[PDB]
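Structure assessment
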Amino acid sequence: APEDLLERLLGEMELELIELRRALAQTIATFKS
Amino acid sequence: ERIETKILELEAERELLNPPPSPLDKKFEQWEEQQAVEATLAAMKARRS
Amino acid sequence: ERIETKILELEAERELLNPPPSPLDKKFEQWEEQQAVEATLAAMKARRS
Amino acid sequence: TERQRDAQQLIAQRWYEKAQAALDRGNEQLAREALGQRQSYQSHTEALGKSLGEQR
Amino acid sequence: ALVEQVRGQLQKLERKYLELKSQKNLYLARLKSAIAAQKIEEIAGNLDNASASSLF
């Protein structure tokens, strides 16, 4: 069902809005160091 | 040493989670409060001089 | 060294996937915003001077 | 969508009021930045406004 | 002379090590960031409304 992908694909994107959230934290952490 | 930088990351990660104020907002919350104190006090320094 | 260029390709491949703005569009989004700020502010600098 | 539009204009109204605080008393320059800041919020209001009419 | 010169090598080399370790953090951080930014723009491309076999 094509309608079901719309939910799962958006589910995958919730992983990086947090993962990329970690990447900025590391970069700022290195700057403070 | 690793303790100190571990603390650095906790505080920094919180900052992106809750951004600090922009300088633009900083300029007014002092600039407006000056009259928010003076304007009220300008009324007071006129009302109650 | 290979890390650095590996990063170069990731960013560049994204650019063709999502093209950056053309200079023609760049010219107006500043050129129009000047009056989008001045024209509104020209109304304001006339409305509220 | 209606609720989101109302919130956006309230922020613009607050920034509008904040510029209505700035431009008085001779400081049009800080109004320029505030209005310059306000323009980013004005754009969002227009896009949602027409969608609400279309969705009706 | 031998003991002093060899110590200079260690002092010079030790400084160069921690400098390298600092850069490793930055390059890895940029890499993990760069890989992440790609796939949002790719998953968006799947759902981008571009008439390119977009699901929408």
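Going by the header, the method for this PDB entry is cryo-EM, and the resolution given is 3.9 Å.

The next subject is the interface of chain E and chain A. The interface is formed by 14 residues belonging to chain E together with 16 residues belonging to chain A. Of the roughly 1300 Å² buried at the junction of chain E and chain A (both faces included), carbon and sulfur atoms supply 73%. Measuring nitrogen to oxygen at the nearest pair gives 3.5 Å for the salt bridge that ties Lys39(E) to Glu16(A). Our enumeration of links across chain E and chain A arrives at 2 residue pairs in polar contact. Its residues assigned to classes, the side of chain E that touches chain A comprises 10 nonpolar, 2 polar and 2 charged.

With that settled, consider the pattern of salt bridges. With the rule as written, the count across this model stands at 7 salt bridges over all chains. With its nearest N and O atoms 3.4 Å apart, the salt bridge here joins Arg8(A) to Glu12(A). Of this pair, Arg8(A) and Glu12(A) are both found in helix α1 (residues 2-13), 4 residues apart, which corresponds to roughly one turn of the helix. Taking relative accessible area as the criterion, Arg8(A) reaches 45% and is therefore assigned partly exposed. Between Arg5(D) and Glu2(D) there is a salt bridge, and its shortest N-O distance comes to 2.1 Å. With a gap of 3 residues between them, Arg5(D) and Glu2(D) both fall in helix α1 (residues 2-22), about one helical turn apart. For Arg5(D), a relative accessible area of 19% translates into the label buried. Among the charged side chains, a salt-bridge network with shared partners connects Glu2(D), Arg5(D) and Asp6(D).

The rules behind the values
Residues numbered from 1 in each chain as written, not as in the entry; some residues may be left out. Chains lettered and ligands numbered in written order. Part of a larger assembly, values for the part shown. Heavy atoms only, no water. Contact = heavy atoms within 4.5 Å. Buried area = accessible area lost by both parts, 1.4 Å probe. Salt bridge = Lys/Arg side-chain N within 4 Å of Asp/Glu carboxyl O. Polar contact = N/O pair within 3.5 Å; in protein donor to acceptor, adjacent residues only side chain to side chain. Nonpolar A, V, L, I, M, F, W, Y, C, P; charged D, E, K, R; others polar. Helix = DSSP H or I, 4+ residues; strand = E, 2+ residues; numbered from the N terminus. Buried < 20%, exposed > 50% of the residue type's maximum accessible area, 1.4 Å probe, protein only.

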